[PDB]
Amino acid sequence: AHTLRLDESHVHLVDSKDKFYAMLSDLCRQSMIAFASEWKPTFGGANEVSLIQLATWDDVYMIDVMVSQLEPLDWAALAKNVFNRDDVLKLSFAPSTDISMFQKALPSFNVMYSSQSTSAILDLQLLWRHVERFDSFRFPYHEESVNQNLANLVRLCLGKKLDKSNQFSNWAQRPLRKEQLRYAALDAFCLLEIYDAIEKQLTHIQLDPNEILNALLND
């Protein structure tokens, strides 16, 4: 029931090299990006990426890994100019899962996420656990002791249900259905809306969200 507020003309299926570099042109100047990914259903075999979704406040890009035929230089350019930069905040939910799996499925997309350097990648589940401990902190649609998944965080922050009916859809089918593309784009974009809601409530209880952000990106 939550929906993407961006116009459809600002949701981009990246399925060619020209579209990939047009995306990179936008993203390399952003200061905050959210990311998510969709994977082919597996049947005992190796994992394979279907989509990688990158959202800004103004646009959502969905890289079609199956169709685009990107090469090591292309993935290295995305890692260097977006993910492995300390001056760009990346929002994610439990990023270690996707990032570790990328190392085997898309080895040239070599994202650094480790104890030494977070590469400014923020796990929103860690921010959730951190702010839970402030007795004064209240989500705007607060509920008690929900399971710590993204759908519940969306409800707590935005007051709407996250439609997950396409979460386990057939991400290997081409073309993807419009409902699949909509779910994929919103799964990245809602991370920006979640961060904004938490920021506002930390400010409300007289805490500095930027100070908390820096501490989380260093532990």
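Each residue number is its position in the shown sequence, starting from 1.
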query: Stretch exceeding the other in mean C-alpha B-factor - 207-215, 21-29; finding: 207-215
query: Given 120-128 and 137-145, the range whose Cα B-factors average higher in the PDB entry; finding: 137-145
query: C-alpha B-factor winner, where the candidates are 42, 169, 50, 53; finding: 42
query: C-alpha B-factor winner, where the candidates are 92, 108, 81, 114; finding: 114
query: Residue 69 - Cα temperature factor, lowest/middle/highest third of chain; finding: highest
query: Third of chain Cα B-factors occupied by residue 46; finding: highest
